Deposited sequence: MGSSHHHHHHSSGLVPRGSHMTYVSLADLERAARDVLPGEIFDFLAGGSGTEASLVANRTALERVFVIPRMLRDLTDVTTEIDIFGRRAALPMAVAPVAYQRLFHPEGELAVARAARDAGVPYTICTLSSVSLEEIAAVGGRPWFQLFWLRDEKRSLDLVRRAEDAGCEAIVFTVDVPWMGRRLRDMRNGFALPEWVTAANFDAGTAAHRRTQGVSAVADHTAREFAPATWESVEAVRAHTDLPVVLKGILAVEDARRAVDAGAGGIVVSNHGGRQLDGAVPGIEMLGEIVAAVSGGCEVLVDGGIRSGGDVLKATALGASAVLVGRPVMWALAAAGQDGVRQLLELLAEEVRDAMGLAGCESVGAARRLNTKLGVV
């Protein structure tokens, strides 16, 4: 289980860095709710279906992925291990999972993309529409296959663990893509007009924002409260997911994140209608604990857990898993 890795990472990382990773904003209400919400979801499995060729593969944004999952954008991964983003990206490539390269990556995006695999690029909107679009163009020129535009960070949430810790970036970690302003719908349009890559808006929670994202020409959204790190009291994405999937009615891919910690959790998200999930903190636990081989082992365990869960639920494909029904417990 992914629970094994969390303790291993707690042991190795400096306390303040473990807190930067684990923490949420405010009283951590949304952080805790991400888990509570998943725990309340029960799947109604189907029996006696053909499982001779169970596959966890999906096609997303033009490409085959080995699982309905990608590595979430997590800034400054050298905080957790000296190889940082390169270790994660290599493991992701080898697992057939898309890796999201961050605007605030601690290794340059061009170096990360050179690893190969299916890199996506996460955008934070800069000060200058021109620099933002340069970053997009860099990503595209480097072979990234989607732009994950983070839209829930007009500014950063108040992380009281960091404030209490007086936590700051070590001098040996930098924003390697560099030598910020709130995004609007106009910024989305500027991005969409300047790339042929799918634009994916990350941090959508309202139904009318999901519909507007489709109208705006997004190729996907990530239904997300940013891992409980942005508005404290924001609803978990998993609680809005079903309503959002019904509202877009196939008009874009609908991803979800927040608290996904097992293959069963992936199955739950799928059954609620998600195209795929992102996974954040667990990938960093595996990185901290054992570098590249740590993340590879995590991804292999997830792969096995997702296949197991699907077959136990009577699903030979992710599409079938999306047609599962659920029941909320207490």
*Missing C-alpha stretches, by deposited numbering?*
1 to 24, 204 to 225, 377
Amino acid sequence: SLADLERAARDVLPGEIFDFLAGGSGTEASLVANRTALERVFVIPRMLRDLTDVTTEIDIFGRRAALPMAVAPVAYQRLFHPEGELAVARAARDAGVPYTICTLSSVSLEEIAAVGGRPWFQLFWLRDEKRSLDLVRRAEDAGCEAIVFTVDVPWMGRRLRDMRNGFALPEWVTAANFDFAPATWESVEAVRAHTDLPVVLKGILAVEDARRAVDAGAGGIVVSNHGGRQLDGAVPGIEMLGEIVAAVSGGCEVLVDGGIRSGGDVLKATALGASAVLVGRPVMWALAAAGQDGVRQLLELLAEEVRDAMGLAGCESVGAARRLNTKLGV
From here on, numbers count along this sequence of modelled residues.
*Unmodelled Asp179 in at least one third of other entries with both flanks present*: yes
*With reference to the PDB entry, specify whether the mean Cα temperature factor is higher for 310 to 318 or for 9 to 17.*
9 to 17
*Between the two ranges 161 to 169 and 105 to 113, the one averaging a larger CA B factor in the entry*: 161 to 169
_Looking at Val279, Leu267, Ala290, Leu67, which one carries the largest C-alpha B-factor according to the PDB entry?_
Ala290
*Reading the B-factor column of the entry, which of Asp128, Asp257, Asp94, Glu239 has the highest value at its C-alpha atom?*
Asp128
*Relative to the other modelled residues in the chain, which third contains the C-alpha temperature factor of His226: lowest, middle or highest?*
lowest
*Divide the modelled residues of the chain into thirds by Cα B-factor and specify which third, lowest, middle or highest, holds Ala234.*
lowest
*Would you mind checking where the Cα B-factor of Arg63 ranks among the modelled residues of its chain, as the lowest, middle or highest third?*
highest
*Third assignment of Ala274 from its chain's C-alpha B-factors*: lowest
*asked:* Lowest, middle or highest third: which one holds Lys202 when the chain's residues are ordered by CA B-factor from the entry?
replied: lowest
